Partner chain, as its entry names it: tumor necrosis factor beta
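First comes one chain, alone, set out as structure tokens in the form deposited without the partner chain.
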């Protein structure tokens, strides 16, 4: 839908009558396009930085660290077009306190019960207790 510049373009900062094509993820804006039909000069991000979406940033962003205070571990290294992917160690599930904040917790075992649902990436083990004992929080 409607924009000043065509889809995929931005307005030249030095000239409002010219629209330049944006940079793709993995690259940053090295120089604005020199005119309407010219290409924007986009260069690939240096190792240790990235741009995860189409953009016209004059710098790439530094790759993020996983939050050690949250028990996080890097599960996927940062590439020019994608930031560090963080997760938890095996047998641990992520508990999201918010959309972007999660803490790693140890998957529960089923003492006096039996695993109804195995521990998932973002969900603790779901236990169903044996005859006699009852479910109470994380323990039967």
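Numbering follows the first chain given and starts at 1.
A second form of this protein, the form deposited with the partner chain bound, is not displayed here; the remarks below concern that form.
The partner chain is not shown here, and in the bound PDB entry it never comes within 4.5 Å of any heavy atom of residue 91. Though the partner is left out of this view, residue 108 does not reach within 4.5 Å of the partner chain in the bound PDB entry, counting heavy atoms only.
Mapping the unseen interface onto this chain, residue 73 falls outside it, with no heavy atom inside 4.5 Å of the partner chain in the bound PDB entry. In the bound PDB entry, the partner chain lies farther than 4.5 Å from every heavy atom of residue 31. With contact defined as any non-hydrogen atom lying within 4.5 angstroms of the partner chain in the bound PDB entry, the contacting residues in 79-103 are 97, 98, 101, 103, given in sequence order. Only one of residue 52 and residue 114 lies in each rigid part of the chain between the shown form and the other one; they are split between the two.
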